[PDB]
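Okay, so here's the structure we're looking at.
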Amino acid sequence: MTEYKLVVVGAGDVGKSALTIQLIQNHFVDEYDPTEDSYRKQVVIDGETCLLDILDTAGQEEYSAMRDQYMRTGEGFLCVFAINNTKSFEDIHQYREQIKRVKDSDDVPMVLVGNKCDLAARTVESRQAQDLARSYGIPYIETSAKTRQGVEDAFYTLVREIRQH
Ligand SMILES: Nc1nc2c(ncn2[C@@H]2O[C@H](COP(=O)(O)OP(=O)(O)O)[C@@H](O)[C@H]2O)c(=O)[nH]1
Ligand SMILES: [Mg+2]
């Protein structure tokens, strides 16, 4: 059993907790804002039996006892913005820079996640986020914590990025 420590970061309100809860507990956080838990789930991924630790961090606008500790321990990161929140997408760069600083490494397993892809209108274009992720050298995956679309894709891609590291 290999343990994978995955950290979800991003600005407030983008769906960090919704995504984590959707993956671990298979239901949609229709406003249940936890106040930065940690989660574990045993799952078989690509024939490997894994223990996933999901560390759900708070945005930099909010008090957080554990975000710095969660970030130092994490092996891979989901960098999450909401496709209807332009500031959240602009904040991605700070979040990535800080991950690189805490891990003391430029080659940290990461996935850029554009969440809320269920929505009818958006202010951040896929092409933008794909170009930014390309410049970072990481995958871009669009997700919906509401519909569960792409959620396992995001988290498992992170796991496979950790395996390649
Ligand atoms: N429509 C839609 N709403 C979402 C999605 N993910 C989160 N939300 C909503 O966005 C708000 C903030 O979600 P939350 O998980 O607490 O974001 P966090 O602050 O980053 O942890 C909540 O009201 C959620 O119901 C999504 O994929 N689609
Ligand atoms: Mg949250």
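Numbering (this note's numbering), first residue to last: 67 to 231. Built from N, CA and C at the ideal position, the CB exists for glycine as well.
If you draw a straight line from the Cα of residue 198 to the Cα of residue 108, it is about 32 Å long.
Counting C-beta pairs closer than 8 Å gives fewer than three between the segment 206–223 and the segment 156–168, which falls short of the contact rule. With 6 Å as the limit, the residues whose C-beta approaches any heavy atom of ligand 1 more closely are 76, 78, 79, 80, 81, 82, 83, 84, 95, 96, 97, 99, 181, 182, 184, 185, 210, 211, 212, in sequence along the chain. Taken in chain order, the whole beta strand (DSSP E) runs of length 3 or more contained in the segment 68–133 are 68–76, 104–111, 114–122.
Around the beta carbon of residue 148, 16 or more other beta carbons sit within 10 angstroms, so the residue counts as buried. Selection 209, 77, 70, 93 evaluated against residue 125 yields 77 as nearest (Cα-Cα).
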